[PDB]
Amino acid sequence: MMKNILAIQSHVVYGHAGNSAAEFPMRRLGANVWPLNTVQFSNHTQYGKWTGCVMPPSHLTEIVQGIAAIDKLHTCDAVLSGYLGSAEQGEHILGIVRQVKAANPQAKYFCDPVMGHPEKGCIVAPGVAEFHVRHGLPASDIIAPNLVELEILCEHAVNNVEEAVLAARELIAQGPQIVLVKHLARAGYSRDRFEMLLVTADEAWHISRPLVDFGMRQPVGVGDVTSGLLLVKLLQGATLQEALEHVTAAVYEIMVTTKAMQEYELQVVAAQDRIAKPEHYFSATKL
């Protein structure tokens, strides 16, 4: 009884980012992924250049009508969206979630509010952030912002774990039942490691792993993998703790392989056996 996820995000022909980074790892974990690509780019934006195009918003709507047309929309367990090529796609993606839920009221909407962080190298189109803030957030059942996005969504700064657990709950209040702060940064207990947070209304778990020295060029996609894998674990019945721990270790595995190979692109394929069964163990802490 495999889980089916309609993942609506970017696709790069060369390299990994969005669906190009998330799809394979998710399938290696035994889940089905229906990749509805939002763009088809030659490579990701951190290169400072890339060719390709943005799928028109109406194309995305037309794709799902086709899936409904063959009577399969009801088999979808979740809709995950991530990097959008334009703000107008957002609106159609919400119509999609509405249709998916009409066909399956248990389907969940997983919103990874990928906003543009030009300094880190991620280029996102204008209007996309406002979309997450005013429409995406309220419509989501699960949301996964990094620290910056958290601030943009709750509309105020966050400077520690306590404030993060609080800010997350401000979002939960607006709709999502689960919040994944996929990168605490300065707001974590230690800024010398990688920290994440998985918060619900009644509970909150903390996890961390070591930062991997990549210098002036961190590999794109860590957060897309993290989001993809988390949705997969939860849909499969993993507890909040189990989900967080497996996901943290698997990503670290991809991390070390990528660095060992002296590669800039996340090595999701080479590290595949350790995504399924990672060898490193990282402990979560219930706050």
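In this text, residue numbers run from 1 along the sequence as written.
Q: Between 114-122 and 130-138, which has the larger average Cα B-factor in the PDB entry?
A: Looking at the recorded C-alpha B-factors, 114-122 comes out higher on average.
Q: Using the B-factors recorded in the PDB entry, average over the C-alpha atoms of 172-180 and of 74-82, then report which stretch comes out higher.
A: Per the deposited B-factors, the answer is 172-180.
Q: Would you mind finding, among 99, 160, 146, 208, the residue with the largest C-alpha temperature factor in the entry?
A: Within the set 99, 160, 146, 208, 160 shows the top C-alpha B-factor.
Q: Just to confirm, going by the entry's C-alpha B-factors, which of 258, 227, 42, 218 comes out highest?
A: That would be 218, according to the entry.
Q: Comparing residue 32 with the other modelled residues of its chain, is its CA B-factor in the lowest, middle or highest third?
A: Lowest third.
Q: Taking only the Cα B-factors deposited for this chain, tell me whether residue 5 sits in the lowest, middle or highest third.
A: Ranked within chain, residue 5 CA B lands in the lowest tercile.
Q: Comparing against every modelled residue in the chain, figure out the third that the C-alpha B-factor of residue 94 lands in (lowest, middle or highest).
A: For residue 94, whose C-alpha B-factor we compare with every modelled residue in the chain, the answer is the middle third.
Q: Which third, lowest, middle or highest, does the CA B-factor of residue 103 fall in along this chain?
A: Its C-alpha B-factor, which the entry lists for residue 103, ranks in the lowest third among residues of this chain.
Q: Using the B-factor values recorded in the entry, state whether the Cα atom of residue 241 falls in the lowest, middle or highest third among the modelled residues of its chain.
A: Highest third, going by the recorded CA B-factors of the chain.
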